[PDB]
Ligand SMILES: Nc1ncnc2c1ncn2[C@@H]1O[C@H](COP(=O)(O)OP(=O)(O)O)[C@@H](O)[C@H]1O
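Single chain ahead, written as structure tokens, the form solved without the ligand.
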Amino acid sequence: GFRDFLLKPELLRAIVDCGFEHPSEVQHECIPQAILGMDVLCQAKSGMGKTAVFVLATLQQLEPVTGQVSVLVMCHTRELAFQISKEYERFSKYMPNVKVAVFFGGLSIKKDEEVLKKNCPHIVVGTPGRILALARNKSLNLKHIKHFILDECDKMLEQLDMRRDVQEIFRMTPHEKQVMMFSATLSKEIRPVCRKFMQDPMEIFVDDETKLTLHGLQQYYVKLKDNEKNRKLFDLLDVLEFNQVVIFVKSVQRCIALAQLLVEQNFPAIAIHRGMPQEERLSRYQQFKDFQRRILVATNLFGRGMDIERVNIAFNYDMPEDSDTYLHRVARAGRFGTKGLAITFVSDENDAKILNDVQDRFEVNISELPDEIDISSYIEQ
């Protein structure tokens, strides 16, 4: 549990508010020594509560000083910087004085400067390019940094030009501070950067997610036009027995609409799409687990495969991007159940090519949906 991490009361309070009740492995491996202020080099092949590692660790040690930035987190992806910032917000909910800001390209630097002069945050998240510019401009004062965090290091340090910028930013910070570096993979020349940034760091390599399998699943597909999907879906819902069902679609617009239609048709459904605050996405997926409703319509979830044991059928209402997403959508990784029914809709030659692509990758044949499906084959009793 997160209580064993011996974190500040208000920090544990926010943790309970978010949802997750069990720490991931990268968290058991890193958090303890990270809150002790130890330098850390962590290769985690994922995002499985990985950002929460440095967000909780830095918040735990944070000694807020008004108008002073004590924590700097930089990553390669603009979107990841954005999400890391929202995560700091969520976890510092019971630390009313804590301020966070995220800076990245795409937005006039004048806006960033305005924030730094008028209401400087204690924590800054950003992409190297913008962070370096604000620091050169002297808008961002990095002379008080006590925690220097880098994520997506492999991508961030891939090229000399960006590696040079990060080292330049690094030199503007105090020599005495905690440094943590996270990355999905350990590229070649990142070791040299690590040697310059950290000395004798605790090195943690977390065993990538235990991959999923299609073993034991019933898999089929149906060739139909797009405007024939709703009828087919609903007819199948009327015939196939299930406790709960998950339906995957390609967009937010499709997700919201399909879910609304089901709800109107007395098919209590819940929508979870890429256009919701993570806190909302998490809270909704939790509601679904609580078997609050029988149908979940979604653009994608939190990987790790199907973990809700009451879900008996997964519909790819819209064909999945690649085979890899098919696997993350269909595979079961719950506490007991291994049987399940997967049904894919094929509207054009492109979805078909992708479906054939899936049949080869995992060496499984996906037949056309038959008129009769034995319930005992996809539901455990």
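By rigid core we mean the largest C-alpha set that fits within 1.5 Å across both forms. Position 1 is the first residue in the sequence shown; the rest follow in order.
Novice: Looking at the entry, does 198 to 206 or 142 to 150 show the higher mean C-alpha B-factor?
Specialist: Per the PDB entry, the higher value belongs to 198 to 206.
Novice: Could you check the entry and say whether 328 to 336 or 33 to 41 has the higher mean CA B-factor?
Specialist: Taking the mean B-factor of the alpha carbons in each, 328 to 336 is higher.
Novice: Between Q27, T344, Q60, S46, which one tops the list for Cα B-factor in this entry?
Specialist: By C-alpha B-factor in the record, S46 ranks first.
Novice: Please pick out which of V55, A314, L355, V69 has the largest Cα B-factor as recorded in the entry.
Specialist: That would be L355, according to the entry.
Novice: Classify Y221 as lowest, middle or highest third according to the C-alpha B-factor given in the PDB entry, relative to its own chain.
Specialist: Ranked within chain, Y221 CA B lands in the middle tercile.
Novice: Tell me, lowest, middle or highest third: where does the Cα B factor of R284 rank within its chain?
Specialist: As the PDB entry reports it, the C-alpha B-factor of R284 lands in the highest third of its chain.
Novice: Comparing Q167 with the other modelled residues of its chain, is its CA B-factor in the lowest, middle or highest third?
Specialist: Answer is lowest: the recorded C-alpha B-factor places it there.
Novice: Going by the entry, which third of its chain does the Cα temperature factor of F104 land in?
Specialist: It belongs to the lowest third of the chain when residues are ordered by C-alpha B-factor.
Novice: Split into thirds by Cα B-factor across the chain's modelled residues, where does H122 land: lowest, middle or highest?
Specialist: Its C-alpha B-factor, which the entry lists for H122, ranks in the lowest third among residues of this chain.
Omitted here: the form solved in complex with the ligand. The next part is about that form.
Novice: May I ask you to decide between open and blocked for this site, after superimposing the site C-alphas so that the ligand adopts its pose in the deposited complex, counting ligand atoms within 2.4 Å of backbone or C-beta atoms with 3 as the threshold?
Specialist: Check flagged, pocket reads blocked.
Novice: Does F2 reach the ligand in the deposited complex, with heavy atoms at most 4.5 Å apart?
Specialist: Yes - in the deposited complex, heavy atoms of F2 and the ligand come within 4.5 Å of each other.
Novice: Taking the ligand as it sits in the deposited complex, is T325 in contact with it (heavy atom to heavy atom, 4.5 Å or less)?
Specialist: Outside the cut-off, so no.
Novice: Could you confirm whether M48 comes within 4.5 Å of the ligand in the deposited complex, counting heavy atoms only?
Specialist: Contact with the ligand, yes.
Novice: Could you tell me if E87 has a non-hydrogen atom within 4.5 Å of the ligand in the deposited complex?
Specialist: Within the cut-off, so yes.
Novice: Among the candidate residues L59, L41, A342, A52, which is the single one with a non-hydrogen atom no more than 4.5 Å from the ligand in the deposited complex?
Specialist: For this set of options, the contacting one is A52.
Novice: Just one of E113, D165, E158, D307 has a heavy atom within 4.5 angstroms of the ligand in the deposited complex, so which one?
Specialist: Partner contact (heavy atom, 4.5 Å) among the options: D307.
Novice: Only one of 60 to 68, 348 to 356, 329 to 337, 313 to 321 gets a heavy atom within 4.5 Å of the ligand in the deposited complex; which is it?
Specialist: That would be stretch 329 to 337.
Novice: Taking the ligand in the deposited complex, which residues along 213 to 239 bring a heavy atom to within 4.5 Å of it?
Specialist: Heavy-atom contacts within 4.5 Å come from no residue here.
Novice: Which residue in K289, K99, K177, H144 stands out, with a C-alpha shift of 2 Å or more between this form and the one not shown when both forms are set on the rigid core?
Specialist: Correct option: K289.
Novice: With the core lined up, does the C-alpha of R304 move 2 Å or more between this form and the one not shown?
Specialist: The answer is yes; the displacement is at least 2 Å.
Novice: On a core-based superposition, does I123 travel 2 Å or more at its Cα between this form and the one not shown?
Specialist: For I123, whose C-alpha is compared between this form and the one not shown after core superposition, the shift is less than 2 Å.
Novice: Rigid core fitted, then: does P32 show a CA shift of 2 angstroms or greater between this form and the one not shown?
Specialist: After core superposition, the C-alpha of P32 moves less than 2 Å between this form and the one not shown.
Novice: Using the form shown as baseline, tell whether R304 and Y88 are closer or farther in Cα-Cα distance in the deposited complex, where the change reaches 3 Å or more.
Specialist: Between the C-alphas of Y88 and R304, the gap narrows in the deposited complex (3 Å or more compared with this form).
Novice: Relative to what we see here, could you say if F82 and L301 have their Cα atoms closer or farther apart in the deposited complex, with a change of 3 Å or more?
Specialist: Closer together, which means the C-alphas of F82 and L301 are at least 3 Å nearer in the deposited complex.
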